[PDB]
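# Overview (structure and organization)
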Amino acid sequence: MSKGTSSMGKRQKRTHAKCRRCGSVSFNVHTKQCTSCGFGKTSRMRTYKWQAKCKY
Amino acid sequence: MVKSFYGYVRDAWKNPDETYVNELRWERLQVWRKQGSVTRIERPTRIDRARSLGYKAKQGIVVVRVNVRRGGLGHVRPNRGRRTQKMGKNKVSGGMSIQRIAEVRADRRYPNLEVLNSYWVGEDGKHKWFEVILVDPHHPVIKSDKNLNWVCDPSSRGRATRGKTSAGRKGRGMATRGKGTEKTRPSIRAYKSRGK
Amino acid sequence: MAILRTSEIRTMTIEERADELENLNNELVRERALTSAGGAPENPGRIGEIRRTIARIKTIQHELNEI
Amino acid sequence: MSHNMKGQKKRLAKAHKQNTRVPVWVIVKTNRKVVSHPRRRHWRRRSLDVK
RNA sequence: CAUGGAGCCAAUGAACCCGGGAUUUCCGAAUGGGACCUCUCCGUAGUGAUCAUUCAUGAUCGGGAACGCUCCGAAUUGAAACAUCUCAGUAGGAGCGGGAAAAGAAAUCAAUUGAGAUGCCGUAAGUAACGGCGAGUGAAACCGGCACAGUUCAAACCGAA
Ligand SMILES: [Mg+2]
Ligand SMILES: [Mg+2]
Ligand SMILES: [Mg+2]
Ligand SMILES: [Mg+2]
Ligand SMILES: [Mg+2]
Ligand SMILES: [Mg+2]
Ligand SMILES: [Mg+2]
Ligand SMILES: [Zn+2]
């Protein structure tokens, strides 16, 4: 058995579900937090200054 | 010396170790340690200090006692590569004073008010207790009060978190003028935090 | 011209407004029912105009404080 | 027989009816300038980002 | 968007644009409980949490391109190595917040006698100052301008006025 195509047929399950707040498939099913908008962790939307570049 | 009784309270609290305030301190810290982090009280422990700081005997003003740990900003040793000057953190106490910490916690617990001032009320080995004055900017009495109606302006919401209180302005190096404030006034952020 | 103008709806009464809404809903049910077979309506603008008429009657009813 | 709730089946229903060609009269009206849309797909390909 | 067939709307003045309303499913600050379920359970019909109060009612919660304020805070790199230094209070982070915010009316700056809140711009000036006195970092005052604004508490005395 290998790490390539042999063990990639075990991908019959999910770790991210479609989040309510943003409709993106980023809601982790174990931590209960969307990794795109942060629903289930915070009221505000997660946005960081490293998501774009320094404006200079 | 026809002095008001507020003067006598201030005299009693000038040197509290050698007055009757020491006995009250030993009797009061037992009750104060049992209380919560942010405890509301009927009357200020030092009424003259509160009145000179801005307390009035009217509705829409709240006085709260806050317990803050003693010592500086306890910090974590970095787990990644540092240049040996940014590696040590035991002897580093931050730029946030304990009075500002207590004021910000009082502002946190009481979201619909504003922090007006605060003052030292007592301390022991592990704690410093500060009494923080808060104002209700949506009570009608404070709206009518012309000496407190400045707090209804939009620029006054969030005073203790934007460093506008008296401990905040002291912490931003604005207690004085002239020499030494070349990098503090009008703001620490204006000079790239070089002052302070 | 139109199915029924909103001025005529203001002219009507509460019971007549309810009767007109019942008849309009029944005719819209019939028109959408014939299209379940896929056959195009003989009056293709009729369905949209009846829905707009139902909207206008509901607007007049809500203005007059009926529900 | 994956066991969907109501919203999952509704999303799969919308995905199913999105996967249809453009009508003929749209192509005729547009002078054949609108001949496809990005939502065409086949079930035996990239899976839906639905559930 | 996008002048195809058949209809519809419009001289009871539509379409379209401005202003004012109505409707505005579910989630979402999401807020009756619950989410791998954008739906589901209880219906006793929903003000969830933290707060102010006369417990009538009211505040905060999220978003906003950057800017503003507060606090926390690297390394690459430069020194032709490298550790103080620099990179740099930068990058990044947490809190708060408005159309601006911060600042703000001397326990000031001067010099032998003066000026008279603050902010920002020019200059002082790569000067003073700091520095393996290496590399580099680095002001303010005076002065010339934009704009001009001064006041309120605590207290003394009175005592619910
Ligand atoms: Mg930036
Ligand atoms: Mg706490
Ligand atoms: Mg201001
Ligand atoms: Mg080098
Ligand atoms: Mg906010
Ligand atoms: Mg000020
Ligand atoms: Mg520097
Ligand atoms: Zn999400």
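Note that residue numbers begin from 1 in each chain and follow the written sequence, not necessarily the entry's scheme, while residues that lack coordinates are absent from the view. The naming scheme follows written order: chains are lettered A onward, ligands numbered 1 onward. Values throughout refer to the chains shown here, themselves only part of a larger assembly. Hydrogens and water are ignored here; the side-chain numbers use all heavy atoms of the structure.

- Method of determination, as annotated in the archive: cryo-EM, at 2.92 Å resolution.

## So, the layout of surface pockets
- For each structure, a 1 Å grid was placed over the protein atoms alone; sets of points admitting a 1.4 Å probe that cannot get out are labelled cavities, open sets with protein on both sides within 12 Å along at least five of seven lines are labelled pockets, and lining residues have an atom within 4 Å of a point. Grid points are joined across faces, edges and corners, and a volume is the space filled by probe spheres set on the points. Quantified by volume, the largest pocket comes out at close to 540 Å³.
- Here the lining of the largest pocket is composed, by residue class, of 5 nonpolar, 5 polar and 7 charged. Residues were grouped as follows: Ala, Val, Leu, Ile, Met, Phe, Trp, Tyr, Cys and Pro as nonpolar; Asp, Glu, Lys and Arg as charged; and all remaining residues, including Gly, as polar.

## Notes on the pattern of salt bridges
Residue and element names in this part refer to chain B.
- One side-chain nitrogen of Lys or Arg within 4 Å of one carboxyl oxygen of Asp or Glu is enough to make a salt bridge. For the structure shown, the criterion picks out 10 salt bridges over all chains.
- Across the pair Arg65 and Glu131 runs a salt bridge, and its minimum N-O distance is 3.7 Å. Remark: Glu131 occurs in strand β4 (residues 127-135) and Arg65 occurs in strand β2 (residues 61-69); sequence separation between them is 66 residues. For the residue pair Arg65 and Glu131, the accessibility class agrees, reading buried in each case. Working definition: helices are DSSP H or I runs of at least four residues, strands are E runs of at least two. Numbering for both runs from the N terminus. Partly exposed describes any residue whose relative accessible area lies between the buried limit of under 20% and the exposed limit of over 50%, with all areas from a 1.4 Å probe on protein chains only and scaled to the type maximum.

## Description of the coordination of the zinc ion (ligand 8)
- Donor atoms from the polypeptide that bind the zinc ion (ligand 8) are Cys19 of chain A (SG), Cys22 of chain A (SG), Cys34 of chain A (SG) and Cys37 of chain A (SG), placed at 2.1 to 2.3 Å.
- Counted as donors are the N, O and S atoms within 2.8 Å of the metal, or 3.2 Å for Na, K and Ca, while water is not among the atoms, so some sites may look incomplete. Just to be clear on the cut-offs, tetrahedral is four donors with all angles between 85 and 135 degrees, square planar is four donors and octahedral six with opposite donors over 155 degrees apart and all others between 65 and 115, and anything else goes down as irregular. Here the zinc ion (ligand 8) is ringed by 4 donor atoms whose angles at the metal span 94 to 117°, and the overall shape comes out tetrahedral.

## Quick word on the packing of aromatic side chains
Residue and element names in this part refer to chain B.
- Side-chain rings of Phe, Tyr and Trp, where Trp is taken by its six-membered ring, are said to pair if the distance between their centres is within 6.5 Å; with planes under 30 degrees apart they count as stacked, over 60 as edge-to-face, and otherwise as tilted. Counted under the stated rule, the structure contains 5 aromatic pairs over all chains.
- Measuring from ring centre to ring centre gives 4.2 Å for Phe5 and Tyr6, while their planes differ by 40°; the resulting arrangement is tilted.
- Residue classification places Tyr6 among the partly exposed positions, given a relative accessible area of 29%.
- Arranged with centres 6.2 Å apart and planes meeting at 75°, the rings of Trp13 and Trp120 form a pair that is edge-to-face. Residue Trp13 is located in the loop between α1 (5-12) and α2 (21-34), and its partner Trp120 is located in strand β3 (residues 114-123); the two are separated by 107 residues in the primary sequence.
- Definition used: whenever NZ (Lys) or CZ (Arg) falls within 6 Å of the ring centre and also within 35 degrees of the ring normal, the charge is taken to sit over that ring. Across from the ring centre of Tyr8, 4.1 Å away, lies the NZ or CZ of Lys3, which sits over that ring.

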